[PDB]
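Dropping target38.cif in here (mmCIF, N, CA and C atoms):
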data_structure
#
loop_
_atom_site.label_atom_id
_atom_site.label_comp_id
_atom_site.auth_asym_id
_atom_site.auth_seq_id
_atom_site.Cartn_x
_atom_site.Cartn_y
_atom_site.Cartn_z
N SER A 22 1.15 30.92 9.58
CA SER A 22 0.47 32.14 9.05
C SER A 22 -1.08 32.03 9.12
N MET A 23 -1.74 33.19 9.12
CA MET A 23 -3.20 33.29 9.04
C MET A 23 -3.69 32.85 7.64
N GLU A 24 -2.85 33.05 6.60
CA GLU A 24 -3.14 32.62 5.20
C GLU A 24 -3.24 31.08 5.03
N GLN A 25 -2.40 30.34 5.78
CA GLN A 25 -2.47 28.87 5.84
C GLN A 25 -3.72 28.35 6.57
N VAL A 26 -4.08 29.00 7.68
CA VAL A 26 -5.36 28.75 8.43
C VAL A 26 -6.63 28.88 7.55
N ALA A 27 -6.66 29.90 6.67
CA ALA A 27 -7.80 30.18 5.77
C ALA A 27 -7.96 29.14 4.64
N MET A 28 -6.83 28.61 4.15
CA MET A 28 -6.81 27.45 3.25
C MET A 28 -7.29 26.16 3.92
N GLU A 29 -6.90 25.99 5.19
CA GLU A 29 -7.29 24.86 6.04
C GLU A 29 -8.74 24.93 6.44
N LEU A 30 -9.23 26.13 6.76
CA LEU A 30 -10.67 26.36 6.96
C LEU A 30 -11.52 26.02 5.71
N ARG A 31 -11.00 26.32 4.51
CA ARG A 31 -11.64 25.99 3.21
C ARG A 31 -11.60 24.48 2.88
N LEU A 32 -10.44 23.85 3.07
CA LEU A 32 -10.33 22.39 2.94
C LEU A 32 -11.29 21.68 3.89
N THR A 33 -11.29 22.10 5.15
CA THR A 33 -12.20 21.60 6.17
C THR A 33 -13.66 21.66 5.70
N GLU A 34 -14.05 22.80 5.14
CA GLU A 34 -15.44 22.97 4.67
C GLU A 34 -15.73 22.15 3.41
N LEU A 35 -14.72 21.98 2.55
CA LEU A 35 -14.84 21.07 1.41
C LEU A 35 -15.12 19.65 1.91
N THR A 36 -14.28 19.19 2.83
CA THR A 36 -14.48 17.93 3.56
C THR A 36 -15.90 17.82 4.17
N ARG A 37 -16.37 18.90 4.82
CA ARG A 37 -17.76 18.99 5.30
C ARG A 37 -18.77 18.69 4.17
N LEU A 38 -18.60 19.36 3.03
CA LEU A 38 -19.48 19.19 1.87
C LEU A 38 -19.40 17.79 1.25
N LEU A 39 -18.18 17.23 1.12
CA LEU A 39 -17.99 15.92 0.48
C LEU A 39 -18.57 14.76 1.29
N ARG A 40 -18.45 14.83 2.62
CA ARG A 40 -19.06 13.84 3.51
C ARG A 40 -20.58 13.71 3.34
N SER A 41 -21.25 14.83 3.10
CA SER A 41 -22.67 14.81 2.70
C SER A 41 -22.84 14.11 1.35
N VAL A 42 -21.99 14.46 0.39
CA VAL A 42 -22.07 13.89 -0.95
C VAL A 42 -21.87 12.37 -0.91
N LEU A 43 -20.86 11.91 -0.18
CA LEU A 43 -20.55 10.48 -0.10
C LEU A 43 -21.74 9.71 0.47
N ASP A 44 -22.25 10.18 1.60
CA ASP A 44 -23.43 9.57 2.25
C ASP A 44 -24.57 9.37 1.26
N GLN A 45 -24.87 10.43 0.51
CA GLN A 45 -25.94 10.45 -0.50
C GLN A 45 -25.74 9.43 -1.61
N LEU A 46 -24.49 9.29 -2.07
CA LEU A 46 -24.13 8.30 -3.11
C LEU A 46 -24.20 6.86 -2.58
N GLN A 47 -23.72 6.67 -1.35
CA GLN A 47 -23.72 5.37 -0.73
C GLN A 47 -25.14 4.91 -0.43
N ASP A 48 -26.08 5.84 -0.20
CA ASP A 48 -27.52 5.50 -0.10
C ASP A 48 -28.08 4.87 -1.37
N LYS A 49 -27.47 5.17 -2.52
CA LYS A 49 -27.86 4.59 -3.81
C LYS A 49 -27.23 3.22 -4.08
N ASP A 50 -26.50 2.68 -3.10
CA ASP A 50 -26.01 1.29 -3.10
C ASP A 50 -26.56 0.56 -1.86
N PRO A 51 -27.90 0.38 -1.79
CA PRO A 51 -28.51 -0.24 -0.60
C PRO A 51 -28.07 -1.68 -0.37
N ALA A 52 -27.72 -2.35 -1.47
CA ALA A 52 -27.18 -3.70 -1.43
C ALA A 52 -25.76 -3.79 -0.87
N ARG A 53 -25.08 -2.65 -0.75
CA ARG A 53 -23.69 -2.60 -0.25
C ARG A 53 -22.80 -3.56 -1.02
N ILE A 54 -22.92 -3.48 -2.35
CA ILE A 54 -22.03 -4.18 -3.26
C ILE A 54 -20.67 -3.49 -3.32
N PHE A 55 -20.68 -2.15 -3.17
CA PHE A 55 -19.48 -1.30 -3.26
C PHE A 55 -19.02 -0.70 -1.92
N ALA A 56 -19.45 -1.29 -0.81
CA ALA A 56 -19.20 -0.72 0.51
C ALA A 56 -17.80 -0.99 1.04
N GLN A 57 -17.17 -2.05 0.54
CA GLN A 57 -15.84 -2.48 0.98
C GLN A 57 -15.00 -2.89 -0.22
N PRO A 58 -13.68 -2.97 -0.06
CA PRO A 58 -12.86 -3.42 -1.19
C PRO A 58 -13.08 -4.88 -1.54
N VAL A 59 -12.79 -5.23 -2.79
CA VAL A 59 -12.90 -6.61 -3.26
C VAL A 59 -11.81 -7.48 -2.62
N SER A 60 -12.24 -8.57 -1.99
CA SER A 60 -11.35 -9.43 -1.22
C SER A 60 -10.43 -10.23 -2.11
N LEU A 61 -9.13 -10.09 -1.85
CA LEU A 61 -8.10 -10.79 -2.60
C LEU A 61 -7.97 -12.22 -2.12
N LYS A 62 -8.44 -12.51 -0.91
CA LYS A 62 -8.63 -13.90 -0.49
C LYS A 62 -9.75 -14.55 -1.31
N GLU A 63 -10.85 -13.82 -1.53
CA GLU A 63 -12.03 -14.34 -2.27
C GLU A 63 -11.92 -14.21 -3.79
N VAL A 64 -11.24 -13.16 -4.26
CA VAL A 64 -10.91 -12.98 -5.68
C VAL A 64 -9.40 -12.79 -5.79
N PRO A 65 -8.63 -13.89 -5.65
CA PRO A 65 -7.18 -13.80 -5.74
C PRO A 65 -6.66 -13.19 -7.02
N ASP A 66 -7.28 -13.49 -8.17
CA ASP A 66 -6.79 -12.96 -9.46
C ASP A 66 -7.17 -11.50 -9.75
N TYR A 67 -7.82 -10.81 -8.81
CA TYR A 67 -8.46 -9.49 -9.08
C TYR A 67 -7.54 -8.38 -9.59
N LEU A 68 -6.34 -8.30 -9.04
CA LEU A 68 -5.41 -7.25 -9.43
C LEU A 68 -4.81 -7.46 -10.83
N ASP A 69 -4.90 -8.69 -11.36
CA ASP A 69 -4.53 -8.97 -12.75
C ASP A 69 -5.50 -8.33 -13.72
N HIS A 70 -6.75 -8.17 -13.27
CA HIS A 70 -7.79 -7.47 -14.03
C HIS A 70 -7.87 -5.96 -13.72
N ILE A 71 -7.89 -5.61 -12.43
CA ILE A 71 -8.12 -4.23 -12.02
C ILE A 71 -6.89 -3.63 -11.35
N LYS A 72 -6.33 -2.60 -11.99
CA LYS A 72 -5.08 -1.98 -11.54
C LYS A 72 -5.24 -0.96 -10.43
N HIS A 73 -6.41 -0.35 -10.32
CA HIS A 73 -6.70 0.65 -9.28
C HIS A 73 -8.07 0.40 -8.64
N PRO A 74 -8.16 -0.56 -7.69
CA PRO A 74 -9.44 -0.84 -7.01
C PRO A 74 -9.94 0.36 -6.23
N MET A 75 -11.25 0.45 -6.08
CA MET A 75 -11.84 1.52 -5.30
C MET A 75 -13.20 1.12 -4.73
N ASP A 76 -13.48 1.63 -3.53
CA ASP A 76 -14.69 1.34 -2.77
C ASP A 76 -15.05 2.51 -1.84
N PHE A 77 -16.24 2.45 -1.27
CA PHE A 77 -16.72 3.52 -0.40
C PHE A 77 -15.98 3.63 0.96
N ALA A 78 -15.51 2.51 1.51
CA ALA A 78 -14.77 2.55 2.79
C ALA A 78 -13.38 3.18 2.62
N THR A 79 -12.79 2.93 1.46
CA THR A 79 -11.51 3.51 1.09
C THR A 79 -11.64 5.01 0.80
N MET A 80 -12.73 5.43 0.15
CA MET A 80 -13.01 6.86 -0.06
C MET A 80 -13.24 7.58 1.27
N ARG A 81 -13.96 6.91 2.17
CA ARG A 81 -14.28 7.45 3.50
C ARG A 81 -13.05 7.61 4.41
N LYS A 82 -12.11 6.67 4.35
CA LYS A 82 -10.83 6.83 5.06
C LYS A 82 -10.10 8.07 4.53
N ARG A 83 -9.96 8.16 3.20
CA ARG A 83 -9.29 9.32 2.56
C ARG A 83 -9.97 10.65 2.88
N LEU A 84 -11.30 10.62 2.90
CA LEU A 84 -12.08 11.80 3.20
C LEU A 84 -11.80 12.38 4.60
N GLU A 85 -11.82 11.53 5.62
CA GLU A 85 -11.61 11.98 6.99
C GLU A 85 -10.17 12.38 7.26
N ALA A 86 -9.25 11.92 6.40
CA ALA A 86 -7.87 12.43 6.38
C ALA A 86 -7.68 13.56 5.36
N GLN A 87 -8.71 14.41 5.23
CA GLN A 87 -8.72 15.62 4.37
C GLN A 87 -7.87 15.49 3.10
N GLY A 88 -7.99 14.32 2.47
CA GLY A 88 -7.16 13.91 1.36
C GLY A 88 -7.68 14.29 -0.02
N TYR A 89 -8.91 14.79 -0.12
CA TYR A 89 -9.46 15.24 -1.41
C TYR A 89 -9.29 16.75 -1.51
N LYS A 90 -8.37 17.18 -2.38
CA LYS A 90 -8.06 18.60 -2.58
C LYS A 90 -9.10 19.36 -3.40
N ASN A 91 -10.00 18.64 -4.08
CA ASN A 91 -11.08 19.24 -4.87
C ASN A 91 -12.16 18.21 -5.18
N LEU A 92 -13.22 18.62 -5.88
CA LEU A 92 -14.29 17.70 -6.29
C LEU A 92 -13.85 16.71 -7.38
N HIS A 93 -13.00 17.13 -8.30
CA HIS A 93 -12.55 16.25 -9.39
C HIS A 93 -11.77 15.03 -8.86
N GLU A 94 -10.92 15.24 -7.86
CA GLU A 94 -10.25 14.12 -7.19
C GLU A 94 -11.25 13.12 -6.58
N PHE A 95 -12.34 13.64 -6.02
CA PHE A 95 -13.43 12.83 -5.46
C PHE A 95 -14.23 12.11 -6.55
N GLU A 96 -14.51 12.79 -7.66
CA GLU A 96 -15.22 12.17 -8.80
C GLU A 96 -14.44 11.01 -9.44
N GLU A 97 -13.13 11.18 -9.59
CA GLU A 97 -12.25 10.13 -10.14
C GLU A 97 -12.37 8.81 -9.37
N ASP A 98 -12.36 8.90 -8.04
CA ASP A 98 -12.52 7.71 -7.17
C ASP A 98 -13.90 7.08 -7.28
N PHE A 99 -14.95 7.89 -7.33
CA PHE A 99 -16.28 7.35 -7.54
C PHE A 99 -16.43 6.60 -8.85
N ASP A 100 -15.92 7.20 -9.92
CA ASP A 100 -15.94 6.57 -11.23
C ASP A 100 -15.08 5.31 -11.33
N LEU A 101 -13.98 5.24 -10.58
CA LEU A 101 -13.25 3.98 -10.49
C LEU A 101 -14.21 2.90 -10.04
N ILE A 102 -14.95 3.16 -8.97
CA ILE A 102 -15.82 2.13 -8.41
C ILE A 102 -16.69 1.54 -9.51
N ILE A 103 -17.32 2.42 -10.27
CA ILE A 103 -18.26 2.02 -11.32
C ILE A 103 -17.53 1.37 -12.49
N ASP A 104 -16.48 2.03 -12.97
CA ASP A 104 -15.75 1.56 -14.14
C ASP A 104 -15.01 0.24 -13.90
N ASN A 105 -14.49 0.01 -12.69
CA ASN A 105 -13.83 -1.26 -12.37
C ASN A 105 -14.81 -2.39 -12.42
N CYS A 106 -15.99 -2.12 -11.88
CA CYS A 106 -17.07 -3.10 -11.84
C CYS A 106 -17.49 -3.57 -13.23
N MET A 107 -17.80 -2.60 -14.08
CA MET A 107 -18.35 -2.89 -15.41
C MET A 107 -17.34 -3.55 -16.38
N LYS A 108 -16.06 -3.52 -16.02
CA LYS A 108 -15.06 -4.29 -16.73
C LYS A 108 -15.00 -5.72 -16.21
N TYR A 109 -14.92 -5.88 -14.88
CA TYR A 109 -14.73 -7.20 -14.27
C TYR A 109 -15.93 -8.12 -14.46
N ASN A 110 -17.12 -7.57 -14.21
CA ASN A 110 -18.34 -8.34 -14.26
C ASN A 110 -19.01 -8.18 -15.61
N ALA A 111 -19.66 -9.24 -16.08
CA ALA A 111 -20.35 -9.21 -17.37
C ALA A 111 -21.66 -8.42 -17.32
N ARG A 112 -22.17 -8.12 -18.50
CA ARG A 112 -23.37 -7.33 -18.70
C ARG A 112 -24.63 -7.88 -17.99
N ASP A 113 -24.77 -9.21 -17.94
CA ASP A 113 -25.98 -9.86 -17.43
C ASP A 113 -25.94 -10.19 -15.93
N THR A 114 -24.98 -9.63 -15.20
CA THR A 114 -24.82 -9.91 -13.77
C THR A 114 -25.46 -8.85 -12.91
N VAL A 115 -25.78 -9.24 -11.68
CA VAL A 115 -26.25 -8.31 -10.68
C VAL A 115 -25.23 -7.22 -10.32
N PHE A 116 -23.94 -7.51 -10.43
CA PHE A 116 -22.91 -6.54 -10.05
C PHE A 116 -22.85 -5.42 -11.07
N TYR A 117 -22.74 -5.79 -12.34
CA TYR A 117 -22.70 -4.84 -13.44
C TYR A 117 -23.92 -3.95 -13.40
N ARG A 118 -25.09 -4.56 -13.31
CA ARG A 118 -26.34 -3.81 -13.23
C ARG A 118 -26.40 -2.85 -12.03
N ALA A 119 -25.91 -3.27 -10.87
CA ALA A 119 -25.85 -2.39 -9.70
C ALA A 119 -25.05 -1.11 -9.97
N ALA A 120 -23.95 -1.24 -10.71
CA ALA A 120 -23.08 -0.10 -11.07
C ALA A 120 -23.78 0.87 -12.01
N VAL A 121 -24.41 0.33 -13.06
CA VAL A 121 -25.18 1.12 -14.02
C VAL A 121 -26.17 2.00 -13.28
N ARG A 122 -26.84 1.41 -12.29
CA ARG A 122 -27.83 2.12 -11.47
C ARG A 122 -27.22 3.15 -10.55
N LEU A 123 -26.08 2.83 -9.95
CA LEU A 123 -25.36 3.81 -9.12
C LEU A 123 -24.83 5.00 -9.91
N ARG A 124 -24.37 4.73 -11.13
CA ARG A 124 -23.89 5.77 -12.04
C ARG A 124 -25.02 6.76 -12.35
N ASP A 125 -26.12 6.23 -12.89
CA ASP A 125 -27.25 7.06 -13.29
C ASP A 125 -27.79 7.92 -12.15
N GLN A 126 -28.01 7.28 -11.00
CA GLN A 126 -28.50 7.98 -9.80
C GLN A 126 -27.46 8.91 -9.18
N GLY A 127 -26.21 8.46 -9.14
CA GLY A 127 -25.10 9.26 -8.65
C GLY A 127 -24.93 10.58 -9.38
N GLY A 128 -25.11 10.57 -10.70
CA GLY A 128 -24.92 11.75 -11.56
C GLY A 128 -25.74 12.98 -11.21
N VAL A 129 -26.95 12.74 -10.70
CA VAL A 129 -27.86 13.80 -10.24
C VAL A 129 -27.34 14.55 -9.02
N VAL A 130 -26.86 13.79 -8.05
CA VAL A 130 -26.27 14.36 -6.85
C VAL A 130 -25.05 15.19 -7.24
N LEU A 131 -24.21 14.61 -8.09
CA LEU A 131 -22.95 15.23 -8.52
C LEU A 131 -23.16 16.48 -9.34
N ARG A 132 -24.20 16.47 -10.17
CA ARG A 132 -24.57 17.65 -10.94
C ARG A 132 -24.74 18.83 -9.99
N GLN A 133 -25.50 18.63 -8.90
CA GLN A 133 -25.74 19.70 -7.93
C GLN A 133 -24.52 20.02 -7.08
N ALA A 134 -23.76 18.98 -6.73
CA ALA A 134 -22.53 19.16 -5.97
C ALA A 134 -21.52 20.07 -6.67
N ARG A 135 -21.36 19.89 -7.98
CA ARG A 135 -20.51 20.77 -8.79
C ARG A 135 -20.98 22.22 -8.67
N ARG A 136 -22.29 22.43 -8.74
CA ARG A 136 -22.86 23.77 -8.58
C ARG A 136 -22.63 24.40 -7.18
N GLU A 137 -22.66 23.60 -6.10
CA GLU A 137 -22.39 24.10 -4.72
C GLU A 137 -20.93 24.48 -4.44
N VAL A 138 -19.99 23.72 -5.01
CA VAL A 138 -18.55 24.00 -4.90
C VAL A 138 -18.14 25.28 -5.65
N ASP A 139 -18.68 25.46 -6.85
CA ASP A 139 -18.48 26.70 -7.62
C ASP A 139 -19.08 27.90 -6.86
N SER A 140 -20.33 27.75 -6.43
CA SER A 140 -21.07 28.78 -5.69
C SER A 140 -20.40 29.16 -4.36
N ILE A 141 -20.15 28.16 -3.52
CA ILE A 141 -19.50 28.36 -2.21
C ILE A 141 -17.98 28.62 -2.31
N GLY A 142 -17.36 28.25 -3.44
CA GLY A 142 -15.93 28.48 -3.69
C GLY A 142 -15.09 27.25 -3.40
#

Translate the structure of the given file into structure tokens.
Amino acid sequence: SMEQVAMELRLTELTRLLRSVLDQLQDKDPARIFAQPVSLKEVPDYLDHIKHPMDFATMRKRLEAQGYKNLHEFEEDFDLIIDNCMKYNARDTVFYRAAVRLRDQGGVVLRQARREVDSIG
């Protein structure tokens, strides 16, 4: 149907918008602490601590497979990244601090992104 094409055209454009958003957020992790998943060879015990790991490469795979049906699904994954970090790593570490900074800076981009999705539909 033409009605299915118009939903697909909208998902496609959402995907267009989110790819910009992801790039912008990943620019706020210049150290690339969150660029890839946590290695289970290097942190074997990790899944005993973190039940739902998340990273930017995993978000990017899902993104190009038009897997985010809305902005809230995308926000949940971003917040995993931050929230998983701040549980695993202690307050006085470079990892924890990197997340705090990504959260604060990330929120500004997301504030406007919410406004563009509502506006554009």

* **Target residues per the PyMOL selection byres (((chain A and resi 34 and name CA) around 12) and name CA), formatted as an MDAnalysis selection string** => chainID A and resid 27:33 35:41 84:85 87 89:91 137:138 141:142

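Straight-line separation from CA of residue 68 in chain A to CA of residue 110 in chain A: 13.8 Å.
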
* Asked: Could you pull the residues within 8 Å of range 103-107 of chain A, counting all atoms listed in the file, minus those fewer than 3 positions along the same chain, as JSON, numbers by chain?
  -> {"A": [70, 71, 72, 73, 74, 75, 76, 98, 99, 100, 110, 111, 112, 116, 117, 118, 119, 120, 121, 123, 124]}

Output N, CA and C atoms of each residue in that selection to a file, as a CSV table (one decimal), keeping the file's coordinate frame.
chain,number,residue,atom,x,y,z
A,70,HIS,N,-6.8,-8.2,-13.3
A,70,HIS,CA,-7.8,-7.5,-14.0
A,70,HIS,C,-7.9,-6.0,-13.7
A,71,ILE,N,-7.9,-5.6,-12.4
A,71,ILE,CA,-8.1,-4.2,-12.0
A,71,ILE,C,-6.9,-3.6,-11.4
A,72,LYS,N,-6.3,-2.6,-12.0
A,72,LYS,CA,-5.1,-2.0,-11.5
A,72,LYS,C,-5.2,-1.0,-10.4
A,73,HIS,N,-6.4,-0.4,-10.3
A,73,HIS,CA,-6.7,0.6,-9.3
A,73,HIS,C,-8.1,0.4,-8.6
A,74,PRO,N,-8.2,-0.6,-7.7
A,74,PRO,CA,-9.4,-0.8,-7.0
A,74,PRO,C,-9.9,0.4,-6.2
A,75,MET,N,-11.2,0.4,-6.1
A,75,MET,CA,-11.8,1.5,-5.3
A,75,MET,C,-13.2,1.1,-4.7
A,76,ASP,N,-13.5,1.6,-3.5
A,76,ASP,CA,-14.7,1.3,-2.8
A,76,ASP,C,-15.0,2.5,-1.8
A,98,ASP,N,-12.4,8.9,-8.0
A,98,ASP,CA,-12.5,7.7,-7.2
A,98,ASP,C,-13.9,7.1,-7.3
A,99,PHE,N,-15.0,7.9,-7.3
A,99,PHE,CA,-16.3,7.4,-7.5
A,99,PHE,C,-16.4,6.6,-8.8
A,100,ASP,N,-15.9,7.2,-9.9
A,100,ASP,CA,-15.9,6.6,-11.2
A,100,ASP,C,-15.1,5.3,-11.3
A,110,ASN,N,-17.1,-7.6,-14.2
A,110,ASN,CA,-18.3,-8.3,-14.3
A,110,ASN,C,-19.0,-8.2,-15.6
A,111,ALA,N,-19.7,-9.2,-16.1
A,111,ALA,CA,-20.4,-9.2,-17.4
A,111,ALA,C,-21.7,-8.4,-17.3
A,112,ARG,N,-22.2,-8.1,-18.5
A,112,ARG,CA,-23.4,-7.3,-18.7
A,112,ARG,C,-24.6,-7.9,-18.0
A,116,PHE,N,-23.9,-7.5,-10.4
A,116,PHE,CA,-22.9,-6.5,-10.0
A,116,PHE,C,-22.8,-5.4,-11.1
A,117,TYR,N,-22.7,-5.8,-12.3
A,117,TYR,CA,-22.7,-4.8,-13.4
A,117,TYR,C,-23.9,-4.0,-13.4
A,118,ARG,N,-25.1,-4.6,-13.3
A,118,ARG,CA,-26.3,-3.8,-13.2
A,118,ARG,C,-26.4,-2.8,-12.0
A,119,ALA,N,-25.9,-3.3,-10.9
A,119,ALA,CA,-25.8,-2.4,-9.7
A,119,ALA,C,-25.0,-1.1,-10.0
A,120,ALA,N,-24.0,-1.2,-10.7
A,120,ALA,CA,-23.1,-0.1,-11.1
A,120,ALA,C,-23.8,0.9,-12.0
A,121,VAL,N,-24.4,0.3,-13.1
A,121,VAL,CA,-25.2,1.1,-14.0
A,121,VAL,C,-26.2,2.0,-13.3
A,123,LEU,N,-26.1,2.8,-10.0
A,123,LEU,CA,-25.4,3.8,-9.1
A,123,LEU,C,-24.8,5.0,-9.9
A,124,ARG,N,-24.4,4.7,-11.1
A,124,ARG,CA,-23.9,5.8,-12.0
A,124,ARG,C,-25.0,6.8,-12.4

Build an axis-aligned box that encloses every atom of range 123-136 of chain A listed in the file, pad it by 8 Å on each side, and report its centre and edge lengths in Å to one decimal, as lines of an AutoDock Vina configuration file.
center_x = -24.5
center_y = 13.6
center_z = -9.6
size_x = 24.0
size_y = 37.6
size_z = 23.3

* Write out as a PyMOL selection string all residues of range 43-140 of chain A that backbone DSSP assigns to helix (DSSP H, G or I). => chain A and resi 43-47+67-70+77-85+92-109+115-140

* Asked: Could you write out as an MDAnalysis selection string the residues that the PyMOL selection byres (((chain A and resi 47 and name CA) around 12) and name CA) matches in the shown file?
  -> chainID A and resid 40:46 48:57 76:78 80:81 99 102 120 122:124 126:127 130

Rebuild range 110-126 of chain A so that it carries N, CA, C and O atoms, then output the result as a compact mmCIF listing (two decimals), in the coordinates of the input.
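Contents of selection_38.txt, as written:
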# COMPACT_ATOMS: atom_id res chain seq x y z
N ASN A 110 -17.12 -7.57 -14.21
CA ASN A 110 -18.34 -8.34 -14.26
C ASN A 110 -19.01 -8.18 -15.61
O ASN A 110 -18.93 -7.10 -16.20
N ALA A 111 -19.66 -9.24 -16.08
CA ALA A 111 -20.35 -9.21 -17.37
C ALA A 111 -21.66 -8.42 -17.32
O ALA A 111 -22.20 -8.12 -16.26
N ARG A 112 -22.17 -8.12 -18.50
CA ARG A 112 -23.37 -7.33 -18.70
C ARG A 112 -24.63 -7.88 -17.99
O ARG A 112 -25.44 -7.11 -17.48
N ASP A 113 -24.77 -9.21 -17.94
CA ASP A 113 -25.98 -9.86 -17.43
C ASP A 113 -25.94 -10.19 -15.93
O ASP A 113 -26.78 -10.95 -15.44
N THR A 114 -24.98 -9.63 -15.20
CA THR A 114 -24.82 -9.91 -13.77
C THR A 114 -25.46 -8.85 -12.91
O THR A 114 -25.62 -7.71 -13.32
N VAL A 115 -25.78 -9.24 -11.68
CA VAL A 115 -26.25 -8.31 -10.68
C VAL A 115 -25.23 -7.22 -10.32
O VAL A 115 -25.63 -6.13 -9.93
N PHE A 116 -23.94 -7.51 -10.43
CA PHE A 116 -22.91 -6.54 -10.05
C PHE A 116 -22.85 -5.42 -11.07
O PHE A 116 -22.92 -4.25 -10.72
N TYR A 117 -22.74 -5.79 -12.34
CA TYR A 117 -22.70 -4.84 -13.44
C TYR A 117 -23.92 -3.95 -13.40
O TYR A 117 -23.79 -2.73 -13.42
N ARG A 118 -25.09 -4.56 -13.31
CA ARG A 118 -26.34 -3.81 -13.23
C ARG A 118 -26.40 -2.85 -12.03
O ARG A 118 -26.87 -1.73 -12.17
N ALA A 119 -25.91 -3.27 -10.87
CA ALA A 119 -25.85 -2.39 -9.70
C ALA A 119 -25.05 -1.11 -9.97
O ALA A 119 -25.43 -0.03 -9.50
N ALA A 120 -23.95 -1.24 -10.71
CA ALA A 120 -23.08 -0.10 -11.07
C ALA A 120 -23.78 0.87 -12.01
O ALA A 120 -23.74 2.09 -11.78
N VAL A 121 -24.41 0.33 -13.06
CA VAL A 121 -25.18 1.12 -14.02
C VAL A 121 -26.17 2.00 -13.28
O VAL A 121 -26.31 3.17 -13.61
N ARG A 122 -26.84 1.41 -12.29
CA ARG A 122 -27.83 2.12 -11.47
C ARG A 122 -27.22 3.15 -10.55
O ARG A 122 -27.78 4.23 -10.41
N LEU A 123 -26.08 2.83 -9.95
CA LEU A 123 -25.36 3.81 -9.12
C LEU A 123 -24.83 5.00 -9.91
O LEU A 123 -24.84 6.13 -9.42
N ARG A 124 -24.37 4.73 -11.13
CA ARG A 124 -23.89 5.77 -12.04
C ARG A 124 -25.02 6.76 -12.35
O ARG A 124 -24.90 7.96 -12.11
N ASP A 125 -26.12 6.23 -12.89
CA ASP A 125 -27.25 7.06 -13.29
C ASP A 125 -27.79 7.92 -12.15
O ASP A 125 -27.96 9.14 -12.31
N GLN A 126 -28.01 7.28 -11.00
CA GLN A 126 -28.50 7.98 -9.80
C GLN A 126 -27.46 8.91 -9.18
O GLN A 126 -27.80 10.01 -8.73
